[PDB]
Structures are given as structure tokens and as C-alpha cells.
$ cat work27.cif   # mmCIF, C-alpha atoms and all ligand atoms
data_model
#
loop_
_atom_site.label_atom_id
_atom_site.label_comp_id
_atom_site.auth_asym_id
_atom_site.auth_seq_id
_atom_site.Cartn_x
_atom_site.Cartn_y
_atom_site.Cartn_z
CA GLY A 31 42.53 -9.46 97.90
CA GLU A 32 45.12 -11.98 97.06
CA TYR A 33 48.64 -12.96 97.97
CA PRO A 34 49.83 -11.03 101.05
CA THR A 35 52.36 -8.30 100.23
CA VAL A 36 55.12 -6.69 102.33
CA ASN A 37 53.19 -3.53 103.23
CA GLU A 38 50.17 -5.59 104.33
CA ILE A 39 52.08 -7.57 107.01
CA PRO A 40 53.49 -5.87 110.11
CA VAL A 41 56.73 -7.38 111.31
CA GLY A 42 55.75 -10.04 113.83
CA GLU A 43 52.54 -11.41 112.33
CA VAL A 44 52.34 -14.32 109.88
CA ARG A 45 49.86 -15.10 107.12
CA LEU A 46 49.06 -18.47 105.56
CA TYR A 47 48.00 -18.80 101.92
CA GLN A 48 46.37 -21.88 100.41
CA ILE A 49 48.33 -23.10 97.37
CA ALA A 50 46.76 -26.53 96.72
CA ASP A 51 45.12 -29.36 98.65
CA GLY A 52 47.49 -30.06 101.51
CA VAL A 53 49.87 -27.20 100.59
CA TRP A 54 50.13 -23.70 102.06
CA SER A 55 52.71 -20.97 101.89
CA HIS A 56 53.57 -18.90 104.94
CA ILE A 57 54.43 -15.21 104.64
CA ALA A 58 56.08 -12.92 107.19
CA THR A 59 58.09 -9.70 107.16
CA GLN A 60 61.39 -8.80 108.70
CA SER A 61 63.79 -5.92 108.84
CA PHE A 62 67.36 -6.38 107.70
CA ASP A 63 69.98 -3.67 107.29
CA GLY A 64 67.35 -1.02 107.73
CA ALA A 65 64.77 -2.18 105.15
CA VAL A 66 61.69 -4.40 105.44
CA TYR A 67 61.25 -7.47 103.28
CA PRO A 68 58.65 -10.22 102.93
CA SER A 69 59.63 -13.86 102.74
CA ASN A 70 57.89 -17.15 102.06
CA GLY A 71 57.99 -20.68 103.35
CA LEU A 72 55.88 -23.79 102.78
CA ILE A 73 53.66 -26.12 104.80
CA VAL A 74 52.80 -29.56 103.43
CA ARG A 75 50.35 -32.09 104.84
CA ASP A 76 52.21 -35.29 105.83
CA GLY A 77 49.61 -37.85 106.81
CA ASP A 78 47.94 -36.32 109.91
CA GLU A 79 51.05 -34.23 110.61
CA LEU A 80 52.71 -31.27 108.88
CA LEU A 81 56.10 -30.74 107.24
CA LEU A 82 57.43 -27.19 107.44
CA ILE A 83 59.76 -25.72 104.82
CA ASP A 84 61.81 -22.74 106.14
CA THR A 85 61.33 -20.55 109.18
CA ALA A 86 59.39 -17.28 109.13
CA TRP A 87 62.65 -15.25 109.39
CA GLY A 88 63.26 -14.63 113.07
CA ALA A 89 62.46 -16.09 116.47
CA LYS A 90 59.31 -14.06 117.16
CA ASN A 91 58.07 -14.50 113.61
CA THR A 92 58.58 -18.27 113.84
CA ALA A 93 56.76 -18.50 117.19
CA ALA A 94 53.91 -16.58 115.53
CA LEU A 95 54.06 -19.00 112.61
CA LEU A 96 53.61 -22.00 114.91
CA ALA A 97 50.67 -20.27 116.60
CA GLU A 98 49.09 -19.44 113.24
CA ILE A 99 49.47 -23.01 111.99
CA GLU A 100 47.89 -24.35 115.16
CA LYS A 101 44.94 -21.95 114.94
CA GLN A 102 44.26 -22.41 111.26
CA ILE A 103 45.34 -25.99 110.54
CA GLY A 104 45.58 -27.68 113.91
CA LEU A 105 47.91 -30.54 113.01
CA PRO A 106 51.34 -30.99 114.59
CA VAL A 107 54.45 -29.66 112.87
CA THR A 108 56.76 -32.65 113.36
CA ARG A 109 59.65 -31.81 111.03
CA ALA A 110 61.13 -28.79 109.26
CA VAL A 111 63.60 -28.44 106.40
CA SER A 112 65.62 -25.27 105.82
CA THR A 113 66.51 -24.73 102.17
CA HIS A 114 69.70 -22.70 102.75
CA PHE A 115 71.71 -21.14 105.57
CA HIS A 116 70.47 -17.51 105.62
CA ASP A 117 68.31 -16.14 108.44
CA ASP A 118 65.13 -16.12 106.30
CA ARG A 119 65.49 -19.93 106.21
CA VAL A 120 67.07 -20.90 109.57
CA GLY A 121 66.32 -17.88 111.80
CA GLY A 122 63.79 -19.42 114.13
CA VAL A 123 65.23 -22.96 114.16
CA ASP A 124 65.96 -22.57 117.87
CA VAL A 125 62.25 -21.79 118.45
CA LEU A 126 61.24 -24.77 116.32
CA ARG A 127 63.61 -27.13 118.11
CA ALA A 128 62.45 -25.96 121.55
CA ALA A 129 58.87 -26.60 120.38
CA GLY A 130 59.80 -30.20 119.61
CA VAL A 131 60.05 -29.84 115.82
CA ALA A 132 62.83 -31.99 114.36
CA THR A 133 64.92 -29.66 112.17
CA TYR A 134 66.82 -30.73 109.06
CA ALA A 135 69.11 -29.24 106.43
CA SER A 136 71.86 -30.47 104.15
CA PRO A 137 75.33 -30.82 105.66
CA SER A 138 76.33 -27.90 103.49
CA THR A 139 73.62 -25.68 104.96
CA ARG A 140 74.62 -26.78 108.47
CA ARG A 141 78.29 -25.98 107.90
CA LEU A 142 77.51 -22.60 106.37
CA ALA A 143 75.09 -21.71 109.16
CA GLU A 144 77.65 -22.70 111.79
CA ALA A 145 80.40 -20.68 110.13
CA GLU A 146 78.16 -17.62 109.75
CA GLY A 147 76.75 -17.74 113.26
CA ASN A 148 73.19 -18.49 112.14
CA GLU A 149 70.92 -20.98 113.87
CA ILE A 150 71.83 -24.55 113.01
CA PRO A 151 69.28 -27.21 111.97
CA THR A 152 69.82 -30.43 113.93
CA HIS A 153 69.84 -33.23 111.36
CA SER A 154 71.86 -33.56 108.15
CA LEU A 155 70.15 -34.42 104.87
CA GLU A 156 72.57 -36.68 102.98
CA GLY A 157 72.29 -37.60 99.32
CA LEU A 158 72.09 -33.96 98.13
CA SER A 159 75.73 -32.95 97.67
CA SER A 160 75.96 -33.22 93.85
CA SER A 161 73.95 -31.03 91.50
CA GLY A 162 70.97 -32.92 90.15
CA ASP A 163 70.59 -34.98 93.34
CA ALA A 164 67.13 -35.67 94.72
CA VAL A 165 65.76 -37.39 97.83
CA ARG A 166 62.32 -37.94 99.33
CA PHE A 167 61.35 -36.30 102.61
CA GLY A 168 57.79 -37.03 103.69
CA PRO A 169 55.35 -35.65 101.09
CA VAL A 170 58.05 -33.71 99.16
CA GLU A 171 61.07 -34.29 97.01
CA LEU A 172 64.18 -32.26 97.84
CA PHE A 173 66.39 -31.33 94.86
CA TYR A 174 69.83 -29.77 94.81
CA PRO A 175 70.01 -27.86 91.49
CA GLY A 176 73.54 -26.58 91.96
CA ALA A 177 74.86 -23.33 93.35
CA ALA A 178 72.66 -20.31 92.65
CA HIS A 179 71.45 -17.77 95.24
CA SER A 180 73.73 -19.68 97.61
CA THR A 181 76.00 -22.71 97.19
CA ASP A 182 73.70 -24.87 99.35
CA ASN A 183 70.29 -23.83 98.12
CA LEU A 184 67.67 -26.63 97.81
CA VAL A 185 64.36 -26.61 95.97
CA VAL A 186 61.26 -28.53 97.08
CA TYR A 187 58.63 -30.22 94.91
CA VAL A 188 55.25 -31.42 96.14
CA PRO A 189 54.44 -34.16 93.62
CA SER A 190 50.81 -34.64 94.63
CA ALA A 191 50.11 -30.99 93.75
CA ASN A 192 52.79 -30.19 91.16
CA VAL A 193 53.99 -27.36 93.37
CA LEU A 194 57.58 -26.22 92.92
CA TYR A 195 58.98 -24.25 95.86
CA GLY A 196 62.08 -22.65 94.42
CA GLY A 197 63.20 -20.85 97.53
CA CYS A 198 65.64 -18.03 97.07
CA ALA A 199 67.10 -19.56 93.90
CA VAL A 200 63.88 -18.32 92.20
CA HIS A 201 62.63 -14.75 92.00
CA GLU A 202 59.14 -13.39 91.59
CA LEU A 203 57.98 -11.96 88.26
CA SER A 204 57.79 -8.34 89.39
CA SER A 205 61.50 -8.32 90.18
CA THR A 206 63.97 -6.78 87.82
CA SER A 207 66.91 -7.02 90.28
CA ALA A 208 68.42 -10.19 91.73
CA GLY A 209 67.93 -9.75 95.49
CA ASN A 210 70.65 -10.30 98.05
CA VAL A 211 73.42 -11.90 96.04
CA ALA A 212 76.23 -11.61 98.62
CA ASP A 213 76.60 -15.40 98.81
CA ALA A 214 75.50 -16.22 95.26
CA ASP A 215 77.39 -18.08 92.55
CA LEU A 216 76.54 -15.94 89.55
CA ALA A 217 78.51 -18.16 87.19
CA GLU A 218 76.48 -21.27 88.15
CA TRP A 219 73.04 -19.79 88.83
CA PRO A 220 71.79 -20.00 85.20
CA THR A 221 72.94 -23.61 84.90
CA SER A 222 71.22 -24.45 88.16
CA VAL A 223 67.95 -22.89 86.97
CA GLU A 224 68.22 -24.95 83.79
CA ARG A 225 68.44 -28.08 85.96
CA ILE A 226 65.25 -27.07 87.77
CA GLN A 227 63.48 -26.48 84.46
CA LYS A 228 64.59 -29.87 83.15
CA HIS A 229 63.64 -31.73 86.34
CA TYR A 230 60.19 -30.17 86.98
CA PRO A 231 58.64 -29.39 83.57
CA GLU A 232 55.12 -30.14 84.86
CA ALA A 233 55.14 -27.68 87.75
CA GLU A 234 51.86 -25.83 87.96
CA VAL A 235 52.79 -23.34 90.68
CA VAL A 236 56.27 -21.93 91.32
CA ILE A 237 56.86 -20.22 94.68
CA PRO A 238 59.85 -17.86 95.09
CA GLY A 239 61.73 -17.34 98.33
CA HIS A 240 60.40 -13.76 98.42
CA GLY A 241 57.28 -12.44 96.70
CA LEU A 242 54.38 -13.71 94.69
CA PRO A 243 53.88 -17.25 93.38
CA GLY A 244 53.26 -17.76 89.68
CA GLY A 245 53.82 -20.33 87.00
CA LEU A 246 56.82 -21.73 85.19
CA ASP A 247 57.69 -18.29 83.86
CA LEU A 248 59.41 -17.50 87.18
CA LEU A 249 62.24 -19.87 86.20
CA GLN A 250 63.30 -18.20 82.96
CA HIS A 251 62.59 -14.83 84.55
CA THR A 252 65.10 -15.69 87.29
CA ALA A 253 67.76 -16.59 84.74
CA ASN A 254 67.11 -13.24 83.06
CA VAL A 255 67.41 -11.16 86.22
CA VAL A 256 70.65 -12.97 87.09
CA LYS A 257 71.97 -12.04 83.63
CA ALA A 258 70.86 -8.43 84.10
CA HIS A 259 72.67 -8.30 87.41
CA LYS A 260 75.87 -9.85 86.17
CA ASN A 261 76.15 -7.15 83.56
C1 LIG B 301 68.47 -12.86 105.17
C2 LIG B 301 68.86 -12.69 103.72
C3 LIG B 301 70.32 -12.71 103.61
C4 LIG B 301 71.14 -12.57 104.79
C5 LIG B 301 72.61 -12.51 104.75
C6 LIG B 301 73.25 -12.68 103.41
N1 LIG B 301 72.37 -12.86 102.23
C7 LIG B 301 70.91 -12.89 102.29
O1 LIG B 301 70.19 -13.04 101.38
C8 LIG B 301 68.28 -11.38 103.13
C9 LIG B 301 68.23 -10.16 103.81
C10 LIG B 301 67.64 -9.06 103.20
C11 LIG B 301 67.12 -9.13 101.92
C12 LIG B 301 67.19 -10.34 101.22
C13 LIG B 301 66.80 -10.73 99.94
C14 LIG B 301 66.05 -9.92 98.91
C15 LIG B 301 66.36 -8.60 98.66
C16 LIG B 301 65.63 -7.89 97.72
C17 LIG B 301 64.57 -8.48 97.03
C18 LIG B 301 63.76 -7.72 95.98
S1 LIG B 301 64.47 -7.84 94.31
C19 LIG B 301 64.38 -9.58 93.85
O2 LIG B 301 63.66 -7.04 93.41
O3 LIG B 301 65.88 -7.47 94.36
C20 LIG B 301 64.26 -9.79 97.31
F1 LIG B 301 63.23 -10.38 96.65
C21 LIG B 301 64.99 -10.52 98.24
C22 LIG B 301 67.15 -12.07 99.85
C23 LIG B 301 67.06 -13.01 98.69
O4 LIG B 301 67.39 -12.49 97.55
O5 LIG B 301 66.91 -14.23 98.89
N2 LIG B 301 67.71 -12.47 100.98
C24 LIG B 301 67.76 -11.44 101.83
ZN ZN B 302 69.39 -16.32 101.09
ZN ZN B 303 66.11 -15.18 100.55
#
$ encode --input "work27.cif" --output "C-alpha cells"
Amino acid sequence: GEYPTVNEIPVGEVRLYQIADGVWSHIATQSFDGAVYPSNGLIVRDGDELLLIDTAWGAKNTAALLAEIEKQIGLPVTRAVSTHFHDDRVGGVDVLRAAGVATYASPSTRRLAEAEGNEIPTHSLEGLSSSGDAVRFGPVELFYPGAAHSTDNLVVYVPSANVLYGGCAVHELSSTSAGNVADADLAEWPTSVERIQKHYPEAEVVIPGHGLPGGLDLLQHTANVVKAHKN
């Protein structure tokens, strides 16, 4: 019994998984174009409050996420950051905002969500527009590694726990293919992974946007699957 997998989660429920003291991932499943996929997000203790990273991919899933957090953890989710503009990151922002959660994303993510017709986080995160940029946000550091899975993708580091949340710029070890690359920059993705590797060499856990956490090997693995895809 370990990390919850796609066939173990019916669409509509949410699981929480303890990563480190004060750090959990959240896992839910959603259908898209006629197939079912898991996806991850993060929850980080922020004093006596919680910071949420990414929705649970859908309105119902995200309402279930809030209910699961309340049951299991019982501290208020005050703020959320979405790490890029796709529905597995922002779908559910309307639920969060109606629940009083202040929602944030980079201006790039906000513009791309608006243009695509996805739900739009409220507040812009400045200081992240150039590759290599980093800012603090509560108990995490936000890092813009460059264009990869999407042009706006952000990664999240929890310094107290050495947890690197790569989001969809990072793939799980069991992958051989590169996921949904419709909005990817395949020319820049390897360079962006190299920036992550250089910036977070002490990460002890690496969490992908979809699938199982592991160690630092997920970074080079991601560069390899991107190469396999390109060719
Ligand atoms: C919502 C989002 C999306 C919407 C619109 C444009 N673009 C998008 O991405 C989306 C919808 C449906 C599927 C995905 C996968 C994905 C697919 C396959 C695998 C297994 S694998 C690594 O073995 O290929 C995976 F891990 C993730 C990913 C990802 O790659 O982030 N995003 C997905
Ligand atoms: Zn995506
Ligand atoms: Zn994704």
C-alpha cells in the first residue's frame, strides 16, 4: 500500500499523501478526451494555515479536495498557487475562490488561462518572468525554470523539507512518453530541466505533475523522455 494510483481513485474522490513534516501531496483523477488520468498537487503548512499548490483538476474534485483537507488536516486553506494554465492546475479555481481561498498565478499563467477559456487565478505573481527567477510565497519558493511542458510552468520548493514539486515540467520514472505536449516548448524543455537541477541539487523528494514521487532521478529521466519524444 503506497502512493495512490489512477485505478485506485474513482473520479470525484481525493487522496492525501504525507510527503514530509508539514507537506502533503493531493491526488485525484479526471477524464479528458475519453481517458482517465491521475494528477498531483501539494499542500504545505504555513504557520497555522495551509498553502495549496494546484487544484485537483475539476470543480467537483476541488470541492472534494477542500473537504478532505478539512477532515484530515483541519487548518484553513488561505492561499493557492497554480503552476501553469491547464485544467489540472486551474480547473477548480472558481470553487477555491468562492470558498474564500485567495488564488495566485504568474501573469503569464493568467493570460494563457484567459485566452484558453480556463479558470483564471485572481492575483498575479510578479518577479517570475525570466528563466531562473525565484520568489518566496509563504513556506515555499516559486521558481520559473524556463519554458518546458508549457511556457508558463513554475516549480515549487519547500526548503524546510527539501521537497521539489516539479509540476508538469517533471515526469514520473515509470513514464517512457512525454505526456500532453500540445503546449510544450520541446526546444527549451531540456535547458529548463537543467536549470532545475542546478538550482535544487539537495532535493530529497521530487514530485511530478502526474504519477509517483521519487528522487532526483526524475529530473534527468524527464530530459530523456523529452528527447525520446522529439525524435
Ligand atoms: C489538462 C491537461 C492538458 C489540457 C489541455 C492541453 N494540455 C494538457 O496537458 C492534460 C489532459 C490529459 C492528459 C494530460 C497529461 C498526461 C498525459 C499522459 C501521461 C502519461 S505519460 C508521461 O506516460 O505520457 C501523463 F503523465 C500526463 C498532462 C501532462 O503531461 O502534464 N496533461 C494532461
Ligand atoms: Zn499541463
Ligand atoms: Zn499536467
$ closest_residue --input "work27.cif" --among "A:231, A:209, A:175, A:147" --to "ligand ZN 302 (chain B)" --atoms "all atoms listed in the file"
A:209
$ closest_residue --input "work27.cif" --among "A:69, A:108, A:60, A:183" --to "residue 89 in chain A" --atoms "all atoms listed in the file"
A:60
$ closest_atom_pairs --input "work27.cif" --of "chain A" --to "ligand ZN 303 (chain B)" --cutoff "12 Å" --atoms "all atoms listed in the file" --output "CSV"
residue,atom,partner,partner_atom,distance
A:59,CA,B:ZN303,ZN,11.7
A:60,CA,B:ZN303,ZN,11.4
A:62,CA,B:ZN303,ZN,11.4
A:67,CA,B:ZN303,ZN,9.5
A:68,CA,B:ZN303,ZN,9.3
A:69,CA,B:ZN303,ZN,7.0
A:70,CA,B:ZN303,ZN,8.6
A:71,CA,B:ZN303,ZN,10.2
A:84,CA,B:ZN303,ZN,10.3
A:85,CA,B:ZN303,ZN,11.2
A:86,CA,B:ZN303,ZN,11.1
A:87,CA,B:ZN303,ZN,9.5
A:112,CA,B:ZN303,ZN,11.4
A:113,CA,B:ZN303,ZN,9.7
A:114,CA,B:ZN303,ZN,8.6
A:115,CA,B:ZN303,ZN,9.6
A:116,CA,B:ZN303,ZN,7.1
A:117,CA,B:ZN303,ZN,8.2
A:118,CA,B:ZN303,ZN,5.9
A:119,CA,B:ZN303,ZN,7.4
A:120,CA,B:ZN303,ZN,10.7
A:121,CA,B:ZN303,ZN,11.6
A:178,CA,B:ZN303,ZN,11.5
A:179,CA,B:ZN303,ZN,8.0
A:180,CA,B:ZN303,ZN,9.3
A:183,CA,B:ZN303,ZN,9.9
A:184,CA,B:ZN303,ZN,11.9
A:196,CA,B:ZN303,ZN,10.5
A:197,CA,B:ZN303,ZN,7.1
A:198,CA,B:ZN303,ZN,4.5
A:199,CA,B:ZN303,ZN,8.0
A:200,CA,B:ZN303,ZN,9.2
A:201,CA,B:ZN303,ZN,9.2
A:202,CA,B:ZN303,ZN,11.5
A:208,CA,B:ZN303,ZN,10.4
A:209,CA,B:ZN303,ZN,7.6
A:210,CA,B:ZN303,ZN,7.1
A:211,CA,B:ZN303,ZN,9.2
A:212,CA,B:ZN303,ZN,10.9
A:213,CA,B:ZN303,ZN,10.6
A:214,CA,B:ZN303,ZN,10.8
A:238,CA,B:ZN303,ZN,8.7
A:239,CA,B:ZN303,ZN,5.4
A:240,CA,B:ZN303,ZN,6.3
A:241,CA,B:ZN303,ZN,10.0
$ residues_around --input "work27.cif" --residues "residue 122 in chain A" --least-positions-apart "6" --cutoff "12 Å" --atoms "only C-alpha atoms" --output "MDAnalysis selection string"
chainID A and resid 83:96 110:112 115:116 128:129 131 133 148:151
$ write_last_selection --input "work27.cif" --atoms "C-alpha atoms" --output "PDB file, in the frame of the given file"
ATOM      1  CA  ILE A  83      59.760 -25.720 104.820  1.00  0.00           C
ATOM      2  CA  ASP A  84      61.810 -22.740 106.140  1.00  0.00           C
ATOM      3  CA  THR A  85      61.330 -20.550 109.180  1.00  0.00           C
ATOM      4  CA  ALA A  86      59.390 -17.280 109.130  1.00  0.00           C
ATOM      5  CA  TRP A  87      62.650 -15.250 109.390  1.00  0.00           C
ATOM      6  CA  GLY A  88      63.260 -14.630 113.070  1.00  0.00           C
ATOM      7  CA  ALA A  89      62.460 -16.090 116.470  1.00  0.00           C
ATOM      8  CA  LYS A  90      59.310 -14.060 117.160  1.00  0.00           C
ATOM      9  CA  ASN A  91      58.070 -14.500 113.610  1.00  0.00           C
ATOM     10  CA  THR A  92      58.580 -18.270 113.840  1.00  0.00           C
ATOM     11  CA  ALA A  93      56.760 -18.500 117.190  1.00  0.00           C
ATOM     12  CA  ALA A  94      53.910 -16.580 115.530  1.00  0.00           C
ATOM     13  CA  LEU A  95      54.060 -19.000 112.610  1.00  0.00           C
ATOM     14  CA  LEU A  96      53.610 -22.000 114.910  1.00  0.00           C
ATOM     15  CA  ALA A 110      61.130 -28.790 109.260  1.00  0.00           C
ATOM     16  CA  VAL A 111      63.600 -28.440 106.400  1.00  0.00           C
ATOM     17  CA  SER A 112      65.620 -25.270 105.820  1.00  0.00           C
ATOM     18  CA  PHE A 115      71.710 -21.140 105.570  1.00  0.00           C
ATOM     19  CA  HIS A 116      70.470 -17.510 105.620  1.00  0.00           C
ATOM     20  CA  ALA A 128      62.450 -25.960 121.550  1.00  0.00           C
ATOM     21  CA  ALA A 129      58.870 -26.600 120.380  1.00  0.00           C
ATOM     22  CA  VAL A 131      60.050 -29.840 115.820  1.00  0.00           C
ATOM     23  CA  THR A 133      64.920 -29.660 112.170  1.00  0.00           C
ATOM     24  CA  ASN A 148      73.190 -18.490 112.140  1.00  0.00           C
ATOM     25  CA  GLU A 149      70.920 -20.980 113.870  1.00  0.00           C
ATOM     26  CA  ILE A 150      71.830 -24.550 113.010  1.00  0.00           C
ATOM     27  CA  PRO A 151      69.280 -27.210 111.970  1.00  0.00           C
TER      28      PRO A 151
END
$ closest_residue --input "work27.cif" --among "A:171, A:232, A:43, A:215" --to "ligand ZN 302 (chain B)" --atoms "all atoms listed in the file"
A:215
$ residues_around --input "work27.cif" --residues "residue 259 in chain A" --least-positions-apart "3" --cutoff "7 Å" --atoms "all atoms listed in the file" --output "ChimeraX atom specification"
/A:207-208,255-256
$ atom_distance --input "work27.cif" --atom1 "CA of residue 233 in chain A" --atom2 "CA of residue 261 in chain A"
29.7 Å
$ residues_around --input "work27.cif" --residues "residue 194 in chain A" --least-positions-apart "4" --cutoff "8 Å" --atoms "only C-alpha atoms" --output "PyMOL selection string"
chain A and resi 185-188+230+233-237
